[PDB]
Amino acid sequence: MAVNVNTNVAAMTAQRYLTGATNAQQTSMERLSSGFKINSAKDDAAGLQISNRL
Amino acid sequence: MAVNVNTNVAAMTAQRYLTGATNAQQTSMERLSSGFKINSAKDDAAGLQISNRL
Amino acid sequence: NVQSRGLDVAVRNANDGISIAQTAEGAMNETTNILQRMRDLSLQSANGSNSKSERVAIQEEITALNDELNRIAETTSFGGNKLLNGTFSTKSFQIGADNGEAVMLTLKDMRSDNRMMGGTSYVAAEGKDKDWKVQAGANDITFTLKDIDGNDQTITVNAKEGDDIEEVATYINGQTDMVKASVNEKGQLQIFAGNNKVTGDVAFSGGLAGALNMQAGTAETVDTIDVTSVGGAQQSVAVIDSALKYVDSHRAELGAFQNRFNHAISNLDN
Amino acid sequence: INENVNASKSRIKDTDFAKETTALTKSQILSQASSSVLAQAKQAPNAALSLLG
Amino acid sequence: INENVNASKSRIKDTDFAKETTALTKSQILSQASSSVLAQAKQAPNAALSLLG
Amino acid sequence: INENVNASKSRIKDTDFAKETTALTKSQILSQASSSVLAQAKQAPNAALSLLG
């Protein structure tokens, strides 16, 4: 790798980490607004099942 | 996901849970005002019928 | 370059699949809430303080919620493509730059008349009353069945002497989770085997089973539950429990799908 | 029982507001850090152009 | 369902501002570099003119 | 009847302050983005001028 004019791999890494942080931020906002740690089964499936049974 | 300006899902999450909380608040405040836990059949219809007969 | 370009398409398709799963799981969440409300209504109906009128009112509410469940199943869609009515079968979402690396997603029928939403009901022919008690030598009841894994199971429950019919039902409920026992007005022991823990008919043996004379099995679903009777409400409680377990299992499958697809998105981005 | 079951369900289904606010703040700061990194990264082709020609 | 539908419609219709901004900066750098190299390459005919003598 | 009619009129005539503030913020960000893009786009003719002559 050397001087490069048409692709920005460092920008790509920045965007990937930015989108990851954005996902995490939305999950945190959803958890805070709802008050529930488990809103979808992708959070905790077995936890969702046991909490629903309870 | 992808920094955007058009759709704000987190805003929709917050709005949905805010309207849910507002509905719960209105129901609780109405119940406190009337002193009756059944002010409509949408609360508990069979309970409304038996309480009316009583 | 082809690869890079394809990797983006794969990321787009994975996001679309995640969105479809999320929409289906939200509709499922709503059906779960409706089922819990129906379960509470049926539990209220089973109480002996209600006369026929309260049972009819609870039945009206339950019919409204059943129609709501059917409407949710039949109307939920992703861009006009129905999801929970059963017409959506296994679809292969392509998450690879090269063909042949797709992952199949299946979503099941969420109508309340689906087999998966209920089970089988067996009602004892001989009814008991308040002064009936379990006799010595006629206290054992044996259920021979096979779970959804296929394994043959034999559950022997030895009811305590002097137990009335409702204590017998409670003992059967405590001793095993494969079947749910309850009692109706006439004192007949109803037994429910949901179509998520039992496959085929259930065989009854023993002295207590001979005394009760359990009848044939009828297929019950959420679409066919009625709470205008005590036994109807008692049985609909078990039917709704089976439906809730089925819906929760489907929700868990969709959540695992979404977690796998998020991992795939991260890997494809890398 | 009902009280104990509710307490059990809180330990699984309820969210921990302290830990969630901490996580949200961390995610926000990470997001602004990545945004700044991307803004500084976008100038690499600018540096390549300003090198010559 | 409306929330989920809007979330889906973003990922097809909405603009990824980071990616499109990076592409815009890359395209402007490429266009400036092509403009400068064309401006220099315009000097070939005067090299052909200096061929005389 | 008056209470129920007022509640009905709320759902039609009244504004949703949360949704409207979200829409106003989205429109303001969109307008500022268009302003920035226009200011950057106006620097195309002068780029063509600085190309040569």
# chains A, B, ... in the order shown; residues from 1 in each chain; ligands from 1

$ interface_residues --of "chain B" --to "chain A" --cutoff "9 Å" --atoms "only C-alpha atoms" --output "number ranges by chain"
B: 1-3, 9-10, 13-18

$ write_last_selection --atoms "C-alpha atoms" --output "PDB file, in the first residue's frame"
ATOM      1  CA  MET B   1     -26.516   1.125  10.487  1.00  0.00           C
ATOM      2  CA  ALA B   2     -25.836   4.105   8.144  1.00  0.00           C
ATOM      3  CA  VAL B   3     -25.742   7.794   9.269  1.00  0.00           C
ATOM      4  CA  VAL B   9     -36.106   4.813  13.940  1.00  0.00           C
ATOM      5  CA  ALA B  10     -34.846   5.672  17.427  1.00  0.00           C
ATOM      6  CA  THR B  13     -39.127   3.939  19.272  1.00  0.00           C
ATOM      7  CA  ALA B  14     -39.152   6.809  21.754  1.00  0.00           C
ATOM      8  CA  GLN B  15     -42.467   8.132  20.416  1.00  0.00           C
ATOM      9  CA  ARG B  16     -44.151   4.719  20.618  1.00  0.00           C
ATOM     10  CA  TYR B  17     -43.024   4.099  24.186  1.00  0.00           C
ATOM     11  CA  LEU B  18     -43.888   7.695  25.129  1.00  0.00           C
TER      12      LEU B  18
END

$ calpha_fit_and_write --fixed "chain A" --moving "chain B" --output "PDB file with C-alpha atoms, in the first residue's frame"
ATOM      1  CA  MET B   1       1.166   1.769   1.472  1.00  0.00           C
ATOM      2  CA  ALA B   2       0.874   3.896  -1.726  1.00  0.00           C
ATOM      3  CA  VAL B   3      -0.699   7.416  -1.875  1.00  0.00           C
ATOM      4  CA  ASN B   4      -3.856   6.847  -4.006  1.00  0.00           C
ATOM      5  CA  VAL B   5      -7.186   8.634  -4.722  1.00  0.00           C
ATOM      6  CA  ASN B   6      -9.473   5.647  -5.425  1.00  0.00           C
ATOM      7  CA  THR B   7      -9.738   3.385  -2.331  1.00  0.00           C
ATOM      8  CA  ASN B   8      -9.695   4.796   1.215  1.00  0.00           C
ATOM      9  CA  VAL B   9      -9.461   1.822   3.608  1.00  0.00           C
ATOM     10  CA  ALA B  10      -9.139   4.141   6.609  1.00  0.00           C
ATOM     11  CA  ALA B  11     -12.499   5.619   5.612  1.00  0.00           C
ATOM     12  CA  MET B  12     -14.013   2.123   5.520  1.00  0.00           C
ATOM     13  CA  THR B  13     -12.541   1.378   8.960  1.00  0.00           C
ATOM     14  CA  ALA B  14     -14.069   4.556  10.362  1.00  0.00           C
ATOM     15  CA  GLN B  15     -17.424   3.855   8.694  1.00  0.00           C
ATOM     16  CA  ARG B  16     -17.576   0.285  10.020  1.00  0.00           C
ATOM     17  CA  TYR B  17     -16.781   1.312  13.583  1.00  0.00           C
ATOM     18  CA  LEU B  18     -19.157   4.286  13.302  1.00  0.00           C
ATOM     19  CA  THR B  19     -22.014   2.003  12.242  1.00  0.00           C
ATOM     20  CA  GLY B  20     -21.164  -0.363  15.092  1.00  0.00           C
ATOM     21  CA  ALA B  21     -21.256   2.515  17.570  1.00  0.00           C
ATOM     22  CA  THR B  22     -24.532   3.761  16.071  1.00  0.00           C
ATOM     23  CA  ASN B  23     -26.111   0.313  16.419  1.00  0.00           C
ATOM     24  CA  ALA B  24     -24.971   0.123  20.047  1.00  0.00           C
ATOM     25  CA  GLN B  25     -26.357   3.623  20.654  1.00  0.00           C
ATOM     26  CA  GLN B  26     -29.717   2.696  19.122  1.00  0.00           C
ATOM     27  CA  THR B  27     -29.922  -0.483  21.209  1.00  0.00           C
ATOM     28  CA  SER B  28     -29.075   1.371  24.427  1.00  0.00           C
ATOM     29  CA  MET B  29     -31.538   4.173  23.665  1.00  0.00           C
ATOM     30  CA  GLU B  30     -34.319   1.680  22.917  1.00  0.00           C
ATOM     31  CA  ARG B  31     -33.607  -0.130  26.193  1.00  0.00           C
ATOM     32  CA  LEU B  32     -33.705   3.177  28.081  1.00  0.00           C
ATOM     33  CA  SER B  33     -36.983   4.168  26.401  1.00  0.00           C
ATOM     34  CA  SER B  34     -38.819   0.904  27.042  1.00  0.00           C
ATOM     35  CA  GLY B  35     -37.276   0.161  30.421  1.00  0.00           C
ATOM     36  CA  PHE B  36     -36.961  -3.456  29.250  1.00  0.00           C
ATOM     37  CA  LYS B  37     -33.564  -5.031  28.469  1.00  0.00           C
ATOM     38  CA  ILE B  38     -35.346  -7.619  26.322  1.00  0.00           C
ATOM     39  CA  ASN B  39     -37.373  -5.863  23.629  1.00  0.00           C
ATOM     40  CA  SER B  40     -36.748  -8.648  21.088  1.00  0.00           C
ATOM     41  CA  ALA B  41     -35.586 -12.256  21.033  1.00  0.00           C
ATOM     42  CA  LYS B  42     -32.376 -11.164  19.291  1.00  0.00           C
ATOM     43  CA  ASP B  43     -31.330  -9.747  22.669  1.00  0.00           C
ATOM     44  CA  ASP B  44     -31.682 -12.989  24.652  1.00  0.00           C
ATOM     45  CA  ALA B  45     -34.275 -15.459  23.366  1.00  0.00           C
ATOM     46  CA  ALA B  46     -34.312 -17.905  26.288  1.00  0.00           C
ATOM     47  CA  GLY B  47     -34.499 -14.975  28.685  1.00  0.00           C
ATOM     48  CA  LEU B  48     -37.437 -13.688  26.654  1.00  0.00           C
ATOM     49  CA  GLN B  49     -39.211 -17.040  26.990  1.00  0.00           C
ATOM     50  CA  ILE B  50     -38.661 -17.381  30.735  1.00  0.00           C
ATOM     51  CA  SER B  51     -39.588 -13.736  31.387  1.00  0.00           C
ATOM     52  CA  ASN B  52     -42.754 -14.110  29.304  1.00  0.00           C
ATOM     53  CA  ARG B  53     -43.720 -17.221  31.265  1.00  0.00           C
ATOM     54  CA  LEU B  54     -42.981 -15.408  34.539  1.00  0.00           C
TER      55      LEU B  54
END

$ closest_atom_pairs --of "chain E" --to "chain D" --cutoff "9 Å" --atoms "only C-alpha atoms" --output "CSV"
residue,atom,partner,partner_atom,distance
E:18,CA,D:38,CA,8.2
E:21,CA,D:42,CA,8.7
E:22,CA,D:42,CA,6.2
E:25,CA,D:42,CA,7.0
E:26,CA,D:45,CA,6.7
E:29,CA,D:46,CA,6.4
E:30,CA,D:49,CA,8.4
E:32,CA,D:49,CA,8.0
E:33,CA,D:49,CA,6.6
E:36,CA,D:53,CA,6.0
E:37,CA,D:53,CA,6.8
E:40,CA,D:53,CA,8.6

$ closest_residue --among "E:15, E:10, E:2, E:27" --to "chain A" --atoms "only C-alpha atoms"
E:27

$ residues_around --residues "stretch 264-267 of chain C" --least-positions-apart "5" --cutoff "9 Å" --atoms "only C-alpha atoms" --output "ChimeraX atom specification"
/A:16,20 /C:10-12,14-15,95,259

$ write_last_selection --atoms "C-alpha atoms" --output "PDB file, in the first residue's frame"
ATOM      1  CA  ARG A  16     -17.574   0.441  10.022  1.00  0.00           C
ATOM      2  CA  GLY A  20     -21.233  -0.346  14.986  1.00  0.00           C
TER       3      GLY A  20
ATOM      4  CA  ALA C  10     -25.038  -9.466   0.196  1.00  0.00           C
ATOM      5  CA  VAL C  11     -25.012  -6.851   2.966  1.00  0.00           C
ATOM      6  CA  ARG C  12     -28.111  -5.247   1.442  1.00  0.00           C
ATOM      7  CA  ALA C  14     -28.912  -9.436   4.834  1.00  0.00           C
ATOM      8  CA  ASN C  15     -30.321  -6.111   6.032  1.00  0.00           C
ATOM      9  CA  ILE C  95     -25.596 -13.267   1.674  1.00  0.00           C
ATOM     10  CA  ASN C 259     -28.239 -12.534  15.539  1.00  0.00           C
TER      11      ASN C 259
END

$ atom_distance --atom1 "atom CA of residue C:258" --atom2 "atom CA of residue C:13"
12.6 Å

$ interface_residues --of "chain E" --to "chain B" --cutoff "9 Å" --atoms "only C-alpha atoms" --output "PDB file with N, CA, C and O atoms, in the first residue's frame"
ATOM      1  N   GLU E   3     -43.077   1.122  12.138  1.00  0.00           N
ATOM      2  CA  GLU E   3     -41.691   1.334  12.540  1.00  0.00           C
ATOM      3  C   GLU E   3     -40.750   0.424  11.764  1.00  0.00           C
ATOM      4  O   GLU E   3     -39.732   0.876  11.221  1.00  0.00           O
ATOM      5  N   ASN E   4     -41.078  -0.868  11.698  1.00  0.00           N
ATOM      6  CA  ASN E   4     -40.210  -1.802  10.989  1.00  0.00           C
ATOM      7  C   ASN E   4     -40.152  -1.487   9.498  1.00  0.00           C
ATOM      8  O   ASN E   4     -39.090  -1.598   8.877  1.00  0.00           O
ATOM      9  N   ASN E   6     -40.525   1.493   8.049  1.00  0.00           N
ATOM     10  CA  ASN E   6     -39.662   2.657   7.866  1.00  0.00           C
ATOM     11  C   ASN E   6     -38.193   2.284   8.020  1.00  0.00           C
ATOM     12  O   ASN E   6     -37.341   2.764   7.260  1.00  0.00           O
ATOM     13  N   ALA E   7     -37.879   1.426   8.996  1.00  0.00           N
ATOM     14  CA  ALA E   7     -36.501   0.977   9.162  1.00  0.00           C
ATOM     15  C   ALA E   7     -36.000   0.245   7.925  1.00  0.00           C
ATOM     16  O   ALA E   7     -34.851   0.441   7.510  1.00  0.00           O
ATOM     17  N   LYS E   9     -37.232   0.636   4.784  1.00  0.00           N
ATOM     18  CA  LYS E   9     -37.194   1.573   3.667  1.00  0.00           C
ATOM     19  C   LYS E   9     -35.986   2.493   3.745  1.00  0.00           C
ATOM     20  O   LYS E   9     -35.484   2.942   2.709  1.00  0.00           O
ATOM     21  N   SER E  10     -35.510   2.775   4.951  1.00  0.00           N
ATOM     22  CA  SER E  10     -34.235   3.522   5.039  1.00  0.00           C
ATOM     23  C   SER E  10     -33.158   2.768   4.255  1.00  0.00           C
ATOM     24  O   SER E  10     -32.546   3.369   3.360  1.00  0.00           O
ATOM     25  N   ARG E  11     -32.952   1.492   4.581  1.00  0.00           N
ATOM     26  CA  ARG E  11     -31.755   0.742   4.126  1.00  0.00           C
ATOM     27  C   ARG E  11     -31.805   0.553   2.608  1.00  0.00           C
ATOM     28  O   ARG E  11     -30.848  -0.014   2.065  1.00  0.00           O
ATOM     29  N   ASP E  14     -32.779   5.638   1.808  1.00  0.00           N
ATOM     30  CA  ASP E  14     -32.061   6.728   2.451  1.00  0.00           C
ATOM     31  C   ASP E  14     -30.588   6.731   2.054  1.00  0.00           C
ATOM     32  O   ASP E  14     -30.020   5.718   1.640  1.00  0.00           O
ATOM     33  N   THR E  15     -29.971   7.900   2.198  1.00  0.00           N
ATOM     34  CA  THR E  15     -28.567   8.092   1.869  1.00  0.00           C
ATOM     35  C   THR E  15     -27.686   7.789   3.072  1.00  0.00           C
ATOM     36  O   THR E  15     -27.924   8.290   4.174  1.00  0.00           O
ATOM     37  N   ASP E  16     -26.665   6.966   2.852  1.00  0.00           N
ATOM     38  CA  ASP E  16     -25.589   6.801   3.825  1.00  0.00           C
ATOM     39  C   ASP E  16     -24.696   8.026   3.687  1.00  0.00           C
ATOM     40  O   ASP E  16     -23.853   8.097   2.789  1.00  0.00           O
ATOM     41  N   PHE E  17     -24.894   9.001   4.577  1.00  0.00           N
ATOM     42  CA  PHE E  17     -24.229  10.291   4.425  1.00  0.00           C
ATOM     43  C   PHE E  17     -22.714  10.150   4.480  1.00  0.00           C
ATOM     44  O   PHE E  17     -21.995  10.841   3.753  1.00  0.00           O
ATOM     45  N   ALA E  18     -22.211   9.255   5.332  1.00  0.00           N
ATOM     46  CA  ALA E  18     -20.769   9.045   5.412  1.00  0.00           C
ATOM     47  C   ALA E  18     -20.215   8.514   4.095  1.00  0.00           C
ATOM     48  O   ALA E  18     -19.243   9.055   3.551  1.00  0.00           O
ATOM     49  N   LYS E  19     -20.825   7.448   3.566  1.00  0.00           N
ATOM     50  CA  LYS E  19     -20.317   6.832   2.344  1.00  0.00           C
ATOM     51  C   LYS E  19     -20.419   7.781   1.158  1.00  0.00           C
ATOM     52  O   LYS E  19     -19.476   7.902   0.368  1.00  0.00           O
TER      53      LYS E  19
END

$ interface_residues --of "chain C" --to "chain E" --cutoff "9 Å" --atoms "only C-alpha atoms" --output "VMD selection string"
chain C and resid 12 15 to 16 18 to 20 22 to 24 26 to 27 76 to 79

$ write_last_selection --atoms "N, CA, C and O atoms" --output "PDB file, in the first residue's frame"
ATOM      1  N   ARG C  12     -26.765  -5.776   1.655  1.00  0.00           N
ATOM      2  CA  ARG C  12     -28.111  -5.247   1.442  1.00  0.00           C
ATOM      3  C   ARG C  12     -29.170  -6.325   1.657  1.00  0.00           C
ATOM      4  O   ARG C  12     -30.190  -6.094   2.321  1.00  0.00           O
ATOM      5  N   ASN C  15     -29.543  -7.142   5.305  1.00  0.00           N
ATOM      6  CA  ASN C  15     -30.321  -6.111   6.032  1.00  0.00           C
ATOM      7  C   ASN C  15     -31.807  -6.311   5.713  1.00  0.00           C
ATOM      8  O   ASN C  15     -32.619  -6.210   6.649  1.00  0.00           O
ATOM      9  N   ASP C  16     -32.150  -6.609   4.454  1.00  0.00           N
ATOM     10  CA  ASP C  16     -33.550  -6.841   4.104  1.00  0.00           C
ATOM     11  C   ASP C  16     -34.127  -8.026   4.872  1.00  0.00           C
ATOM     12  O   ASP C  16     -35.263  -7.970   5.361  1.00  0.00           O
ATOM     13  N   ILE C  18     -33.078  -9.147   7.788  1.00  0.00           N
ATOM     14  CA  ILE C  18     -33.219  -8.715   9.175  1.00  0.00           C
ATOM     15  C   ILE C  18     -34.493  -7.898   9.350  1.00  0.00           C
ATOM     16  O   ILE C  18     -35.217  -8.057  10.339  1.00  0.00           O
ATOM     17  N   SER C  19     -34.783  -7.010   8.397  1.00  0.00           N
ATOM     18  CA  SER C  19     -36.006  -6.215   8.475  1.00  0.00           C
ATOM     19  C   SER C  19     -37.250  -7.094   8.416  1.00  0.00           C
ATOM     20  O   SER C  19     -38.214  -6.871   9.161  1.00  0.00           O
ATOM     21  N   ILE C  20     -37.254  -8.087   7.524  1.00  0.00           N
ATOM     22  CA  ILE C  20     -38.402  -8.988   7.420  1.00  0.00           C
ATOM     23  C   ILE C  20     -38.605  -9.738   8.732  1.00  0.00           C
ATOM     24  O   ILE C  20     -39.729  -9.845   9.247  1.00  0.00           O
ATOM     25  N   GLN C  22     -37.626  -8.817  11.694  1.00  0.00           N
ATOM     26  CA  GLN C  22     -38.046  -7.873  12.725  1.00  0.00           C
ATOM     27  C   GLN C  22     -39.535  -7.564  12.625  1.00  0.00           C
ATOM     28  O   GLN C  22     -40.231  -7.503  13.646  1.00  0.00           O
ATOM     29  N   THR C  23     -40.042  -7.363  11.406  1.00  0.00           N
ATOM     30  CA  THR C  23     -41.472  -7.111  11.233  1.00  0.00           C
ATOM     31  C   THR C  23     -42.295  -8.307  11.697  1.00  0.00           C
ATOM     32  O   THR C  23     -43.289  -8.157  12.430  1.00  0.00           O
ATOM     33  N   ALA C  24     -41.886  -9.509  11.286  1.00  0.00           N
ATOM     34  CA  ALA C  24     -42.607 -10.708  11.696  1.00  0.00           C
ATOM     35  C   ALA C  24     -42.578 -10.874  13.210  1.00  0.00           C
ATOM     36  O   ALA C  24     -43.582 -11.261  13.819  1.00  0.00           O
ATOM     37  N   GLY C  26     -42.257  -8.477  15.482  1.00  0.00           N
ATOM     38  CA  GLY C  26     -43.148  -7.499  16.090  1.00  0.00           C
ATOM     39  C   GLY C  26     -44.598  -7.939  16.044  1.00  0.00           C
ATOM     40  O   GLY C  26     -45.333  -7.832  17.038  1.00  0.00           O
ATOM     41  N   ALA C  27     -45.030  -8.429  14.880  1.00  0.00           N
ATOM     42  CA  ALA C  27     -46.409  -8.958  14.784  1.00  0.00           C
ATOM     43  C   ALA C  27     -46.553 -10.102  15.791  1.00  0.00           C
ATOM     44  O   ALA C  27     -47.586 -10.155  16.483  1.00  0.00           O
ATOM     45  N   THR C  76     -50.488  -8.825   8.235  1.00  0.00           N
ATOM     46  CA  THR C  76     -49.091  -8.426   8.360  1.00  0.00           C
ATOM     47  C   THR C  76     -48.311  -8.839   7.120  1.00  0.00           C
ATOM     48  O   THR C  76     -48.388  -9.987   6.674  1.00  0.00           O
ATOM     49  N   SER C  77     -47.554  -7.895   6.564  1.00  0.00           N
ATOM     50  CA  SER C  77     -46.833  -8.128   5.323  1.00  0.00           C
ATOM     51  C   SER C  77     -45.625  -7.208   5.264  1.00  0.00           C
ATOM     52  O   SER C  77     -45.517  -6.235   6.015  1.00  0.00           O
ATOM     53  N   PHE C  78     -44.709  -7.530   4.355  1.00  0.00           N
ATOM     54  CA  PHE C  78     -43.499  -6.751   4.111  1.00  0.00           C
ATOM     55  C   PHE C  78     -43.531  -6.312   2.649  1.00  0.00           C
ATOM     56  O   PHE C  78     -43.098  -7.047   1.758  1.00  0.00           O
ATOM     57  N   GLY C  79     -44.042  -5.108   2.408  1.00  0.00           N
ATOM     58  CA  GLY C  79     -44.188  -4.604   1.059  1.00  0.00           C
ATOM     59  C   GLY C  79     -45.198  -5.388   0.248  1.00  0.00           C
ATOM     60  O   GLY C  79     -44.965  -5.690  -0.926  1.00  0.00           O
TER      61      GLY C  79
END

$ atom_distance --atom1 "atom CA of residue C:118" --atom2 "atom CA of residue C:180"
12.4 Å

$ interface_residues --of "chain C" --to "chain A" --cutoff "9 Å" --atoms "only C-alpha atoms" --output "JSON, numbers by chain"
{"C": [22, 25, 26, 29, 244, 245, 248, 249, 251, 252, 253, 254, 255, 256, 257, 258, 259, 266, 269, 270]}

$ write_last_selection --atoms "N, CA, C and O atoms" --output "PDB file, in the first residue's frame"
ATOM      1  N   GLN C  22     -37.626  -8.817  11.694  1.00  0.00           N
ATOM      2  CA  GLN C  22     -38.046  -7.873  12.725  1.00  0.00           C
ATOM      3  C   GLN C  22     -39.535  -7.564  12.625  1.00  0.00           C
ATOM      4  O   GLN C  22     -40.231  -7.503  13.646  1.00  0.00           O
ATOM      5  N   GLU C  25     -41.440 -10.571  13.836  1.00  0.00           N
ATOM      6  CA  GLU C  25     -41.334 -10.739  15.279  1.00  0.00           C
ATOM      7  C   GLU C  25     -42.144  -9.690  16.027  1.00  0.00           C
ATOM      8  O   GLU C  25     -42.668  -9.967  17.107  1.00  0.00           O
ATOM      9  N   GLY C  26     -42.257  -8.477  15.482  1.00  0.00           N
ATOM     10  CA  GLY C  26     -43.148  -7.499  16.090  1.00  0.00           C
ATOM     11  C   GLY C  26     -44.598  -7.939  16.044  1.00  0.00           C
ATOM     12  O   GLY C  26     -45.333  -7.832  17.038  1.00  0.00           O
ATOM     13  N   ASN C  29     -44.905 -10.505  18.600  1.00  0.00           N
ATOM     14  CA  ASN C  29     -44.989  -9.877  19.943  1.00  0.00           C
ATOM     15  C   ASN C  29     -46.448  -9.499  20.226  1.00  0.00           C
ATOM     16  O   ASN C  29     -46.933  -9.801  21.332  1.00  0.00           O
ATOM     17  N   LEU C 244     -48.866 -20.041  23.348  1.00  0.00           N
ATOM     18  CA  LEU C 244     -47.832 -19.119  23.800  1.00  0.00           C
ATOM     19  C   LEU C 244     -46.449 -19.741  23.680  1.00  0.00           C
ATOM     20  O   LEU C 244     -45.503 -19.076  23.246  1.00  0.00           O
ATOM     21  N   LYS C 245     -46.310 -21.013  24.064  1.00  0.00           N
ATOM     22  CA  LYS C 245     -45.015 -21.673  23.923  1.00  0.00           C
ATOM     23  C   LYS C 245     -44.607 -21.767  22.457  1.00  0.00           C
ATOM     24  O   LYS C 245     -43.441 -21.537  22.113  1.00  0.00           O
ATOM     25  N   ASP C 248     -43.573 -18.259  21.268  1.00  0.00           N
ATOM     26  CA  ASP C 248     -42.284 -17.905  21.851  1.00  0.00           C
ATOM     27  C   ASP C 248     -41.145 -18.670  21.190  1.00  0.00           C
ATOM     28  O   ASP C 248     -40.057 -18.121  20.990  1.00  0.00           O
ATOM     29  N   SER C 249     -41.370 -19.943  20.851  1.00  0.00           N
ATOM     30  CA  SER C 249     -40.345 -20.701  20.141  1.00  0.00           C
ATOM     31  C   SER C 249     -40.068 -20.096  18.771  1.00  0.00           C
ATOM     32  O   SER C 249     -38.907 -19.985  18.354  1.00  0.00           O
ATOM     33  N   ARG C 251     -40.498 -16.958  17.977  1.00  0.00           N
ATOM     34  CA  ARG C 251     -39.793 -15.707  18.241  1.00  0.00           C
ATOM     35  C   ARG C 251     -38.318 -15.958  18.525  1.00  0.00           C
ATOM     36  O   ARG C 251     -37.454 -15.198  18.078  1.00  0.00           O
ATOM     37  N   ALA C 252     -38.016 -17.018  19.276  1.00  0.00           N
ATOM     38  CA  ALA C 252     -36.625 -17.373  19.537  1.00  0.00           C
ATOM     39  C   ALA C 252     -35.900 -17.751  18.252  1.00  0.00           C
ATOM     40  O   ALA C 252     -34.735 -17.382  18.057  1.00  0.00           O
ATOM     41  N   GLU C 253     -36.571 -18.492  17.365  1.00  0.00           N
ATOM     42  CA  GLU C 253     -35.964 -18.826  16.079  1.00  0.00           C
ATOM     43  C   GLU C 253     -35.655 -17.567  15.277  1.00  0.00           C
ATOM     44  O   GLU C 253     -34.569 -17.433  14.700  1.00  0.00           O
ATOM     45  N   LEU C 254     -36.600 -16.624  15.240  1.00  0.00           N
ATOM     46  CA  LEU C 254     -36.367 -15.379  14.511  1.00  0.00           C
ATOM     47  C   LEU C 254     -35.248 -14.553  15.138  1.00  0.00           C
ATOM     48  O   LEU C 254     -34.457 -13.933  14.417  1.00  0.00           O
ATOM     49  N   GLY C 255     -35.166 -14.526  16.469  1.00  0.00           N
ATOM     50  CA  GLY C 255     -34.085 -13.804  17.121  1.00  0.00           C
ATOM     51  C   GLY C 255     -32.724 -14.411  16.841  1.00  0.00           C
ATOM     52  O   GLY C 255     -31.746 -13.691  16.616  1.00  0.00           O
ATOM     53  N   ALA C 256     -32.637 -15.744  16.862  1.00  0.00           N
ATOM     54  CA  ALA C 256     -31.393 -16.408  16.487  1.00  0.00           C
ATOM     55  C   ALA C 256     -31.035 -16.112  15.037  1.00  0.00           C
ATOM     56  O   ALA C 256     -29.861 -15.896  14.709  1.00  0.00           O
ATOM     57  N   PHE C 257     -32.039 -16.098  14.156  1.00  0.00           N
ATOM     58  CA  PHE C 257     -31.815 -15.722  12.765  1.00  0.00           C
ATOM     59  C   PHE C 257     -31.225 -14.322  12.660  1.00  0.00           C
ATOM     60  O   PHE C 257     -30.256 -14.099  11.925  1.00  0.00           O
ATOM     61  N   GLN C 258     -31.791 -13.367  13.402  1.00  0.00           N
ATOM     62  CA  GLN C 258     -31.307 -11.992  13.341  1.00  0.00           C
ATOM     63  C   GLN C 258     -29.895 -11.866  13.901  1.00  0.00           C
ATOM     64  O   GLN C 258     -29.077 -11.112  13.362  1.00  0.00           O
ATOM     65  N   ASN C 259     -29.594 -12.573  14.992  1.00  0.00           N
ATOM     66  CA  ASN C 259     -28.239 -12.534  15.539  1.00  0.00           C
ATOM     67  C   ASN C 259     -27.230 -13.119  14.556  1.00  0.00           C
ATOM     68  O   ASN C 259     -26.156 -12.541  14.330  1.00  0.00           O
ATOM     69  N   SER C 266     -21.436  -8.217   9.865  1.00  0.00           N
ATOM     70  CA  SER C 266     -20.135  -7.768  10.353  1.00  0.00           C
ATOM     71  C   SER C 266     -18.999  -8.479   9.623  1.00  0.00           C
ATOM     72  O   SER C 266     -18.021  -7.848   9.196  1.00  0.00           O
ATOM     73  N   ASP C 269     -18.717  -7.205   6.034  1.00  0.00           N
ATOM     74  CA  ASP C 269     -18.083  -5.893   6.030  1.00  0.00           C
ATOM     75  C   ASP C 269     -16.575  -6.018   6.202  1.00  0.00           C
ATOM     76  O   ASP C 269     -15.807  -5.334   5.516  1.00  0.00           O
ATOM     77  N   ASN C 270     -16.133  -6.894   7.106  1.00  0.00           N
ATOM     78  CA  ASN C 270     -14.699  -7.063   7.327  1.00  0.00           C
ATOM     79  C   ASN C 270     -13.999  -7.583   6.072  1.00  0.00           C
ATOM     80  O   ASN C 270     -12.947  -7.066   5.672  1.00  0.00           O
TER      81      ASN C 270
END

$ atom_distance --atom1 "atom CA of residue C:116" --atom2 "atom CA of residue C:156"
26.5 Å

$ select_by_dssp --residues "stretch 9-234 of chain C" --states "alpha helix (DSSP H)" --output "JSON, numbers by chain"
{"C": [9, 10, 11, 12, 13, 14, 15, 16, 17, 18, 19, 20, 21, 22, 23, 24, 25, 26, 27, 28, 29, 30, 31, 32, 33, 34, 35, 36, 37, 38, 39, 40, 41, 42, 43, 44, 45, 52, 53, 54, 55, 56, 57, 58, 59, 60, 61, 62, 63, 64, 65, 66, 67, 68, 69, 70, 71, 72, 73, 74, 75, 165, 166, 167, 168, 169, 170, 171, 172, 173, 174, 175, 207, 208, 209, 210, 211, 212, 230, 231, 232, 233, 234]}

$ select_by_dssp --residues "stretch 11-249 of chain C" --states "strand (DSSP E or B)" --output "PyMOL selection string"
chain C and resi 77+82+91-94+102-105+119-124+140-146+152-158+180-183+189-194+203-205+214-220

$ residues_around --residues "residue C:86" --least-positions-apart "3" --cutoff "8 Å" --atoms "only C-alpha atoms" --output "PyMOL selection string"
chain C and resi 83+89+107-110
